[PDB]
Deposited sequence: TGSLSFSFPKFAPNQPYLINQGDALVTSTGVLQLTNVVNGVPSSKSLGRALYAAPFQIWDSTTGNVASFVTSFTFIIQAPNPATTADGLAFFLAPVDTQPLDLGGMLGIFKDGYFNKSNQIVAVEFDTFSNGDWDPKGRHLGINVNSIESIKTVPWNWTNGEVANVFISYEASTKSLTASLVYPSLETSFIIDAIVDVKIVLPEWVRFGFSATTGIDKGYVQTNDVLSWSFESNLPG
């Protein structure tokens, strides 16, 4: 039993409230730069992740209760050539000792190991023919790169996106939405996810992003703010 909440209107560099993995770094301007950028231009074969320093308990094996949580964040994906973008950004939950995985289409969160249990909401900017639908899309993933559900997403180059994710334990319902406040455009996806049968009791959480493996298929993956709140009933 327990709870956890926080709010970061921007990110302060060199402060242990985040666990940086791969190429992820925090700029002097307070931006969480998940993937490498060289003189404004994003580089290929990049992978970066950022987890909150502390994990939270998503379910209790003694009481059998499951936590409900919500998280919101703003991010920007900018690309020199809007026709060739890759690979995407994601919010995910995984074991406390989670480490970055495969590059590119794997979004750094997938590589079946029963110890690599993961739930994620993906903002996929490149469709992989072997497991992805057509065009860019939002997706909800459980233990593999192939989403259990997807919906079309009209990505807007360099535009600020506001994301909201919520999980209602009582109905095992995970909802994810993305809005471009400046454009008044919005997208949403929902799926049943039984976290109790997927993830361990305690999990770390945060962001993961990668750029394309092939030249030209690059993009930035910057998070600008982040708030979180969970509650595990006693």
Seminar exercise, completed: Comparing deposited sequence to modelled residues, the uncovered ranges are 112-114
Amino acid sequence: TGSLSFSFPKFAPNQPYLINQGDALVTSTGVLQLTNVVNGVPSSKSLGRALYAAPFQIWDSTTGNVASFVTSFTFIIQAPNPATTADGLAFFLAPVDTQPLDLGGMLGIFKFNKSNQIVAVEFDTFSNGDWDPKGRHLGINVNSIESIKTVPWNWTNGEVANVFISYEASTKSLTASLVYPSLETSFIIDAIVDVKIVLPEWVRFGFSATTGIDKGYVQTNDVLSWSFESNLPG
From here on, numbers count along this sequence of modelled residues.
For this session: Read off the CA B-factors in the entry, average them over 181-189 and over 31-39, and name the higher stretch.
Result: 31-39
Exercise. As stated in the PDB record, which stretch has the larger average Cα B-factor, 88-96 or 112-120?
Worked result: 112-120
Exercise. Which of these, 156, 71, 141, 162, has its C-alpha atom at the highest B-factor, as the entry lists it?
Worked result: 156
For this session: Consider only the C-alpha atoms of the modelled residues in this chain, order them by B-factor as the entry records it, and name the third containing residue 20: lowest, middle or highest.
Result: middle
For this session: Ordered by C-alpha B-factor within the chain, which third holds residue 53? Give me lowest, middle or highest, please.
Result: lowest
Problem set entry | For residue 173, the third of its chain into which the C-alpha B factor falls | lowest
For this session: Report the third (lowest, middle or highest) to which the CA temperature factor of residue 223 belongs, ranking only the modelled residues of the same chain.
Result: lowest
Problem set entry | Record-listed C-alpha B factor of residue 198: chain third | highest
